[PDB]
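What follows draws every value from the coordinates through simple rules; no lab data is involved. Virtual Cβ from ideal backbone geometry, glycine too; neighbours counted across all protein chains shown.
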There are 4 protein chains.
Amino acid sequence: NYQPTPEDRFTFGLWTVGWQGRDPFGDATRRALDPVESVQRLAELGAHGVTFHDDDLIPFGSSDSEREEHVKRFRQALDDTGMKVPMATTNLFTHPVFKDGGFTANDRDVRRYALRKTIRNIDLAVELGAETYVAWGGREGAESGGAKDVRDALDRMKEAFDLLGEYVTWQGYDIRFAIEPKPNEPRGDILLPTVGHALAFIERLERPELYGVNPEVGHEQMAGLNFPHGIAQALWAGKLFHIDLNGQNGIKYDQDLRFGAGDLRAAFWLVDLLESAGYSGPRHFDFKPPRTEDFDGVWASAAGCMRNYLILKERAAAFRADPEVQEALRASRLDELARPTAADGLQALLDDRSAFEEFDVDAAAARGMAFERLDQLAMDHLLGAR
Amino acid sequence: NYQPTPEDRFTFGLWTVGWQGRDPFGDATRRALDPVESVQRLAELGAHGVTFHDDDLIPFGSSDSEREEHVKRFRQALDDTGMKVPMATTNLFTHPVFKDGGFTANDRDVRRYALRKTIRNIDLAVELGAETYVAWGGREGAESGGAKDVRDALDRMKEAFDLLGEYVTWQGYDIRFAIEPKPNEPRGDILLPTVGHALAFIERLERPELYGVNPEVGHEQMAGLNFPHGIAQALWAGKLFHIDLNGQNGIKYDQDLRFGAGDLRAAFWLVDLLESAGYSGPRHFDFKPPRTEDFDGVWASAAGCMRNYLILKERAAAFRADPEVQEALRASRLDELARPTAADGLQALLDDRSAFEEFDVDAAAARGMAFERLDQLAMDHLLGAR
Amino acid sequence: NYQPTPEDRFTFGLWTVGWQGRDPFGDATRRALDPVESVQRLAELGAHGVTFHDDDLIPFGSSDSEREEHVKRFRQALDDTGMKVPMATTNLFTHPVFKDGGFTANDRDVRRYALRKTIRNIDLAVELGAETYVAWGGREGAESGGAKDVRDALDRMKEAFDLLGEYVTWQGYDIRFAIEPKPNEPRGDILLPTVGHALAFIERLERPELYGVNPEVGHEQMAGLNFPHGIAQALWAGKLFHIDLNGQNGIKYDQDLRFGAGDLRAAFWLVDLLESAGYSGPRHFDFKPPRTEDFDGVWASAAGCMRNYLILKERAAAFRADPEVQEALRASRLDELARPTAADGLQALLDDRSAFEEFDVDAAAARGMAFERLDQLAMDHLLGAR
Amino acid sequence: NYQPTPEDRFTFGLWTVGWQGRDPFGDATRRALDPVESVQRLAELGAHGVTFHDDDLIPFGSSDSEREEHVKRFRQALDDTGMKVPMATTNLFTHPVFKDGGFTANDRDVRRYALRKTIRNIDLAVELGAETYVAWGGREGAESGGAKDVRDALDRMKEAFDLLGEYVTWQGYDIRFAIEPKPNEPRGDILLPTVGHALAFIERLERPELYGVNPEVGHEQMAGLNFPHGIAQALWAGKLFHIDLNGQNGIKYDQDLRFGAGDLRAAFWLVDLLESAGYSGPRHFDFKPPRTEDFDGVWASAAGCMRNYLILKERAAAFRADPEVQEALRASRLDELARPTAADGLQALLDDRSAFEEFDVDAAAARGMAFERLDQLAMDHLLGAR
Ligand SMILES: [Mn+2]
Ligand SMILES: [Mn+2]
Ligand SMILES: [Mn+2]
Ligand SMILES: [Mn+2]
Ligand SMILES: [Mn+2]
Ligand SMILES: [Mn+2]
Ligand SMILES: [Mn+2]
Ligand SMILES: [Mn+2]
C-alpha cells in the first residue's frame, strides 16, 4: 500500500483537477469545480495542500465584497480539512488584455496593470500563509521576430521582478519568488524558455536571493531537455524554491499528464535526485486529468500522481541502498567524480608529470565505464526485478 | 555583388572546411586539408581569419620538435595572407580517453590531463594573438541517469574553469573564455545544454568577468529554441564573447549546414539583431560542407556562408531604415516596450488608479498588436519584394 | 505587385479568418465573424473560394428551419461574389461527445452518430458544388496505451470510410474524399499521423480510387518531416486530392501561421513542386491569424498567405528557367536521376561487368555532387540576389 | 530469473555487439570483433541467431577466394553453436561511392552497382538460410531541395525493388524483403521516412506480396511518433515481416540504446502488442553498446536487451490476465471498439433514429472513458506494484 500522508507534502493547483477540458479544438467536457469541493476531495486522497491563481479563487472583476466571501469560504474549507496553501500565482495569460504579455506587454499601461494585479494577489498569498509566489510568463514572447525586442522585454521583466521584490521587502513579507520557465505555448517562443535562462536572469535582479525557479517536468521535456539534469543545476545553484510534477511524451504540445506517465525513467531519476538531495519543498502536481475522464477519472488521476511518486521513491531508495549498486557506482568511478580534480592547486597540477607527460592515455582509454551494468541495475530496481 | 572583405571579420575553423565527411554511417569522402592550404583558400574568398582545435594544427602526441614545425608553417601562411587567429579551442572529445568527458570525466586522472592539454593550447592561442578561448564540453554528460551525478560534475566543471581563469590571470594573458552550449550529441544529454544554462553557470565562477558564451545557431535549434532570443539574452547580460554561425533544420542530429541554409527567417532576425546591437566580435562559421561535395563544393559552401550573411545584412538594414517599417514598429508599440514600466517608482504605481481600478481592460484588450502587417513588411524586405 | 486573381484558385475555410483567438490558456480576443461577411471580405482580397465545417455554417443543434436560413444567406453571398465552395468537412472534434473520437470512438453509438453527422454534410457539400470532402480524424487516437486497440480502431476507421464511399456511389455523387493526416494535438497520438500512414490505409479501402490525402504543411512539420518530400510521394501515388497551406516553426504545438511564415525554404520548394507538377487543385489556406491581431490584422494575415504564394511562385519559376541553374542541374546529374536504372532488363544488368566487377568505385566516389552550388543558386533566386 | 532460451527467437546483427564506438566527434573505443567470436558469445547469452550486412562478414573489395574463407569460418561457428541467420542486409551507406544513395543515387552507374552488390548478398543470404532480406535506404534522400527530385527518386526506388523481386522469383528463392524506414541521419531527410511511407510505397511495387516493413523503435521515435501505433498499422496490413528493437530518448540523433532504455512505457506497450498479436518473427536487436563501455559492458548491454524484453513480456501478460484489468477494459469500452459500427448496413444506419435525431449527445458526452484508472493499472503492473 503506497497511500499518501500529510507529511509527504503533496500539493495540487485548483486549476489542475479543476481543468474543464477545453483545448484548442474542443469545448469543456467537465463543469467547473467549487474550490471548496477540490480542497475536501484532495484532503480525502491524502494531499497536504493546494495552490491557486488569483482568478481560480476570485472570478475576474469581482467586487471587494464578493472577493471576501470567496476567500472566507476557501479559508473555512482549509481550516476544516487542515489543508495548507504553500504557493500562489497570478493569472497574467487568460484575459485578452494579456494577449501580448503582462510584465513585457508592448503596451506600458498593460505592464502597469499586470504589476497591480500581481501585488494584490501577493497580499492574499501571504494572508493564506504561502511562502512561495510563482511567476509563469506564459504570454511573455512572440510568434514573429519584429513583434518583441527581447533586450527591451528583459529590461521590463527585470523592472517588474525588482518592483515586486521591493514591495515584498517594504511590507516585511516572508515570501520568495519562483520563476517558472516554458519554451513555447501559448506563444511561438516564450522568454526565459528553460531553467538555465531563468537562473541567468535571476542573477541580474536587484535582490537575487528573493528569487528561484519553479521548473516543470513537461516544460523542460517540450524542448527535449533532461529534467533531472536541469533540476541538478537548479540545486547546485541553491535555486530550487518549488517544483511542478507532471508527465510529457517528448517534443509536442504541453500535455500535463499525471506524474509517472510520459517519461517514466526520467520520473525515476527525478525522485532519486529530489530524495537524495533532501529537497524539503512541496511535491506540487501541475497536471490536467485528460478531457476523456469524468470526476471519478479526475480523482483517480490525482491519486495516481501521489502513488507513482511513492512507488518511484521506494525503488530509488532500494537502488541507492543496494550493496551491488554501491559496488557498481565505485566500478563506474562516481566516487572519483565527487573528488576535487586538483585540491593540490594549479602549481602542483602544472608540475605533476602523471597529469600530462607521463599520463598513459591508452591505459585510461581502455578502462570501461561499466555504465551499462549500473543502468541495468537501475532498470531492475525500477521494475522490481532482482 | 556581395563579395566579403577583411573588415567584415568573417572567420572559419580549420575543421569546418577541413571536415573529411566521416559521419556515424559513412567513411571519409575527402582527404585531409593542409591547414596552410585552408589559410590560403580562405584568404582568396575574402575571409579575415581562421580558428583551430590544438589537434587540427598539431597531430595528437606530436614531439615538441614537430609541434614547432607545424606552428611555424601555419605562422608563415598567416603572415603571407595577413589572416588573423581571433579564437582557439581544445579537442577534449575525439581521443577515446575523453569517452566520459574532459573536465567532468568520472576518472580524476582524465580531468587532470584535460586541464594540462587545455593550458598548453592557451599558451599557443596567445602566441598566435587569439583574444577568445572556446570550451565546447562535447563529452560532458551521460546516456544514463546513474553514470553522472550532475551536481558533482558541475563542481568539477567549476573547478576546471576557475583553475583556467587563475592560470590566465597569473600569466597576465589578455584572453577571455567563451563556453559553447549544446543540448546533446555526441552524448545523450550534454551539461550546460543551452545559452541559459551556460550564462547561469558562469555567474558561479570565481572570476565571472573572464567568461561568456559562444552560442551556435544549430545547437539552440536542436533543442527547438529561438536562436535570436538566446543571443538577445546573451547581449542583455553582456556575455556574447563569440558566435558560431551555421544552419539546422529543427530538431534532429547536428547538421552544420552553411549559414543561411536551414532556418532562413531566424538567420534574417539573427543578422538584424547582431548588426543593430553593433556586435564587434568575429562572424565565425562552424559548418560542415556536406560529404556529397568535392573541394570545389567545399569552397562554394564557405563562400555561401559569407554571401548569405551580407545579403541578409542588406535586407535587415533596409527593413530598419524603411519609414513604413518605422511607422509599423510604432503601430505595434515597440517604442512603448523600450520605455520603463514605472520610472515613477512603486509608491506612484500603487497610487496610480489608471494602472488598476480605473484601467479600461476591455479597451486595452481590443487594441490589435498589428504584428502581422509588421511581419509581412519583414518578409517583403527579406525577399526583396516591395 | 503580387496581386491575387481568380485563376490562382486561392481558398480559405470559414474557421480560418473567423478563428476567435481562444487557445488552451486564453479567452477569445475577437468577436465571431458572420460567414456571409467572410465570403464578401475574402472575395475583396482576391480569393476564388471558401470551405467550411458543418458547424462553422450551421450552429450545432440547429432546427432544419434555421439550417435552411443559414444555408440560403450563405448561398446568396456566394452568388453575389461568384465565390466557389470546392471542399467541405465535418466537425468531429469540438463537441464533448467526440472526446474519444468520431469514427473510432470506443462507444459504438458515438461512431454511428459521427457517420450520420458526416453524411448529412456530404449532401450539403454536393448541393454547394464541392468536389472534395475532407476527413480530419483529430480525436482519433489516445493519451495512453490501454485506451485504444489500434488494430480495432483501424477496422472501425476502414468500416466508416467504406460506408461513406458506398453512400457516395449509391447517390451517384461527383465527390472524392481527402484524408488529412496529423501526428498529435488534440490527442497524445493521432491515428494516420502522416501522409505515408494515410496513403497506406487508403490502399486497404473497398474503393481506394475515391480517396486521397489533404496534407497540411504544419502537420508534417510537427513530426519534423520534409513537407515537399511527403507532397512528392502523394503526387507519385496520384493521391494529392487537396492541400492545406500554413506555417510552423518545427516540432511543437500546431501554430497555423500564415503561409510563408515558419519554414520559408520548405515553402519555396513546396511551391516549386506544386507549380512544376502542374497541381490543378485549390491552394487552400488553413491558418489562424494570431490572437494578438484585430480584424485589420486578420485580413492582412489572409492577404499575406496569397502574396507569399505568388512571390515564391515567381522565384521558383526564375530558378527553373535560369540557364545557369539548368547547367547546375546537369552538373548534379538530376537528368541521370530521371533515367531508368536498367531499361536493358535484369539479365543485361547481371551480365554488365561495368555494373560490378568492372566498376571503378573510387572514381565514382571522387565525383563531387555540386549540390552546394545548386543550393546557393536556389538561395540567390529565393532572395532575389543575382 | 528472466533467462533467454532458444524459443525467444532473440537475434543480433554482427554490427551491434561489434560497433567499435566511432561517432561523428570521436575515434573507436573498442577493437573489431571477429564475426565467429560474436556468434559464439551471442549463443552463450541465449541468442537464437545473428544477422549481417555483406560488409560485416566479407571486408569490402575481398577476392572470391578470401570471400569463401570468411563465409566457411562463419558457417562453422553457426554449425558449432546451432545459431540461425534469419535476416541479411546490404551495406549501401558506408563506402563514399554511396554518398548520394544506392538505389536513388543521381549517378545511374552507382544505382546499377548498388543493385549488383545487393543481388550478390541475396545469394549468400539464401545459402545461409535467411527468409528476410532487409533494405535500409540510409543514403536515399537529400540535405537540400534541388539535389533530389523525389518523384524521379521514387521511380528509381520502385525500379530497384521490382528488379530484386524479379531476381528472387526467377531463382525460386524462399525469401521476402523488409523495407526499414528512417526519417533522417545520415541524410537531412531520408525517403520513406516512416512505417506509413514504406507501407504506401510497397502497394505500388509490381509484386507487393514479396515486401513488408522492418520498423525500428528508435527510427519512429526520432520523428516523435508512437512506435506501438505504427507496429499496429503494420500488423493490420499484414506487413510486419521483421522488427528492430532498441531505445531512443525522443527527437534527436539515432541513439541505438539497448531495448528497455529510452521510452520504457512504449517498450511495455510494444511487447504487449507483439505478444498479444502472436508476432512469430525474430525479436532482433539493432543497438549500439555505448562507446563508454569495454567488452564486458558490450555483453551486459546485449544481455539487457533480452532481459528487458522478458520482464516486459511477464508484466504485459499479468496486465492482460488480471480480472480487474479485464473489468477496466469493459468500463473503457475496448470491447465496444472491437464491434462493427454498422453490420446492419448503410440503409439501416440511415434509417436508425437512435443514430442521429434520437441520439442523446449530452448523455453520451457525460460518460467518463475511465482511461486514467486503466492506465494506472498498466503502470502498477509494469512496476510490479499491486
Ligand atoms: Mn504546463
Ligand atoms: Mn506549472
Ligand atoms: Mn555543431
Ligand atoms: Mn561550434
Ligand atoms: Mn492544423
Ligand atoms: Mn487543416
Ligand atoms: Mn538505427
Ligand atoms: Mn536497423
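Could you tell me whether A:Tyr173 is touching a helix residue (DSSP H, G or I) at 6+ places or on another chain (Cβ under 9 Å), more than 10 Å from every other protein chain (Cβ to nearest Cβ) and either within 16 Å of ligand 2 (Cβ to nearest atom) or hydroxyl-bearing (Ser, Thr, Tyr) (or both)?
Values: touching a helix residue (DSSP H, G or I) at 6+ places or on another chain (Cβ under 9 Å): yes; more than 10 Å from every other protein chain (Cβ to nearest Cβ): yes; either within 16 Å of ligand 2 (Cβ to nearest atom) or hydroxyl-bearing (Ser, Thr, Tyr) (or both): yes.
Considered against the rule, which asks whether it is touching a helix residue (DSSP H, G or I) at 6+ places or on another chain (Cβ under 9 Å), more than 10 Å from every other protein chain (Cβ to nearest Cβ) and either within 16 Å of ligand 2 (Cβ to nearest atom) or hydroxyl-bearing (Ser, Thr, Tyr) (or both), A:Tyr173 comes out as yes.
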Inside the stretch B:125-148, can you point out the residues that are more than 19 Å from B:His197 (Cα to Cα), within 14 Å of chain A (Cβ to nearest Cβ) and of a type in the set (A, V, I, L, M, F, W, C)? B:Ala147
Selection from the stretch A:121-162 of residues that are under 23 Å from B:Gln376 (Cβ atoms) and either away from ligand 5 (no atom under 16 Å from the Cβ) or of a type in the set (A, V, I, L, M, F, W, C) (or both): A:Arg139, A:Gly141, A:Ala142, A:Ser144, A:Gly145, A:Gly146, A:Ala147, A:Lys148, A:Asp149, A:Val150, A:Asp152, A:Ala153
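So is C:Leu199 away from ligand 1 (no atom under 16 Å from the Cβ) and either among the aromatic types (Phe, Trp, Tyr) or within 12 Å of chain D (Cβ to nearest Cβ) (or both) or not? Even if it seems obvious, please write down each step before you answer.
Details: away from ligand 1 (no atom under 16 Å from the Cβ): yes; either among the aromatic types (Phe, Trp, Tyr) or within 12 Å of chain D (Cβ to nearest Cβ) (or both): yes.
Judged against the criteria, C:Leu199 is a match.
Quick check on my filter: what residues within the stretch B:282-340 are among the aromatic types (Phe, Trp, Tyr) and out of contact with any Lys or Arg (no Cβ under 9 Å at 6 or more places or on another chain)? Can you show your working first?
Here is the first cut: in the stretch B:282-340, the ones among the aromatic types (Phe, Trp, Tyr) are B:285, B:287, B:295, B:299, B:309, B:319.
The answer is B:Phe319, and nothing else.
Residue-by-condition table, conditions (1) over 16 Å from D:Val39 (Cβ atoms); (2) surrounded by 21 or more Cβ atoms within 10 Å (Cβ to Cβ):
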{"site": "D:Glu68", "(1), (2)": "yes, no"}
{"site": "D:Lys72", "(1), (2)": "no, no"}
{"site": "D:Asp79", "(1), (2)": "no, no"}
{"site": "D:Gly82", "(1), (2)": "no, no"}
{"site": "D:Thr90", "(1), (2)": "yes, yes"}
{"site": "D:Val97", "(1), (2)": "yes, yes"}
{"site": "D:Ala114", "(1), (2)": "yes, yes"}
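What number of residues in the stretch D:212-231 are touching a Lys or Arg at 6+ places or on another chain (Cβ under 6 Å) and within 11 Å of ligand 7 (Cβ to nearest atom)?
Of the stretch D:212-231, the ones touching a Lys or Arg at 6+ places or on another chain (Cβ under 6 Å) are D:212-213, D:219.
Still in the list and also within 11 Å of ligand 7 (Cβ to nearest atom): D:219.
Total meeting the criteria: 1.
Sort out which residues of the stretch A:220-252 are over 23 Å from B:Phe201 (Cα atoms) and either of a type outside the set (D, E, K, R) or touching a helix residue (DSSP H, G or I) at 6+ places or on another chain (Cβ under 6 Å) (or both), and write them in order of number. If you could, list the steps in order and put the result at the bottom.
Filtering the stretch A:220-252 for residues over 23 Å from B:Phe201 (Cα atoms) gives A:245-252.
Scanning the stretch A:220-252 gives A:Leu245, A:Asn246, A:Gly247, A:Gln248, A:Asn249, A:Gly250, A:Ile251.
Yes/no matrix, rows are residues, columns are (1) under 17 Å from C:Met87 (Cα atoms); (2) of a type in the set (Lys, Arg); (3) in contact (Cβ under 8 Å) with a residue 60 or more places away in the chain:
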residue: C:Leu164; (1), (2), (3): yes, no, no
residue: C:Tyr173; (1), (2), (3): yes, no, no
residue: C:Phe177; (1), (2), (3): yes, no, yes
residue: C:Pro181; (1), (2), (3): yes, no, no
residue: C:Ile202; (1), (2), (3): no, no, no
residue: C:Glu216; (1), (2), (3): yes, no, yes
residue: C:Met222; (1), (2), (3): no, no, no
Test result for B:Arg373, basic (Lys, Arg) and either over 26 Å from the mean Cα position of the chain (by Cα) or assigned to a helix (DSSP H, G or I) (or both): yes
Suppose we keep only residues that are within 10 Å of chain A (Cβ to nearest Cβ) and touching a residue at least 60 places away in the same chain (Cβ under 8 Å) within the stretch D:313-340. Which one would you say is nearest to D:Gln3 (Cα to Cα)? D:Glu314
Please state which of the following conditions B:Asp286 fails to meet, knowing it meets all the rest: (1) touching a strand residue (DSSP E or B) at 6+ places or on another chain (Cβ under 7 Å); (2) acidic (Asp, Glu); (3) without any contact (Cβ under 8 Å) to a residue 60 or more places away in the chain. (3)
I want to confirm something. Restricting to the stretch B:236-246 and keeping residues that are within 16 Å of ligand 3 (Cβ to nearest atom) and part of a loop (DSSP other than H, G, I, E, B), which single residue is farthest from the other protein chains (Cβ to nearest Cβ)? B:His242
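Going through the stretch C:223-235 one residue at a time, which ones are in contact with a strand residue (DSSP E or B) (Cβ under 6 Å, 6 or more places away or on another chain), within 29 Å of B:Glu220 (Cβ to Cβ) and in a helix (DSSP H, G or I)?
Step one: filter the stretch C:223-235 for residues in contact with a strand residue (DSSP E or B) (Cβ under 6 Å, 6 or more places away or on another chain), giving C:226, C:229, C:234.
Subsequent filtering for residues that are within 29 Å of B:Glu220 (Cβ to Cβ) retains C:226, C:229.
Within the stretch C:223-235, C:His229 is the sole residue that qualifies.
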Just a yes or no: is a residue in the stretch C:247-256 part of a loop (DSSP other than H, G, I, E, B), more than 16 Å from ligand 5 (Cβ to nearest atom) and surrounded by 24 or more Cβ atoms within 10 Å (Cβ to Cβ)? no
Just for the stretch B:250-294: of the residues that are among the basic types (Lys, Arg) and within 14 Å of chain C (Cβ to nearest Cβ), which one is farthest from ligand 7 (Cβ to nearest atom)? B:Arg265
Take the residues in the stretch C:161-179 that are closer than 25 Å to D:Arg339 by Cα and within 21 Å of the chain's Cα centre (by Cα), then tell me which one is surrounded by the most Cβ atoms within 10 Å (Cβ to Cβ). C:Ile179
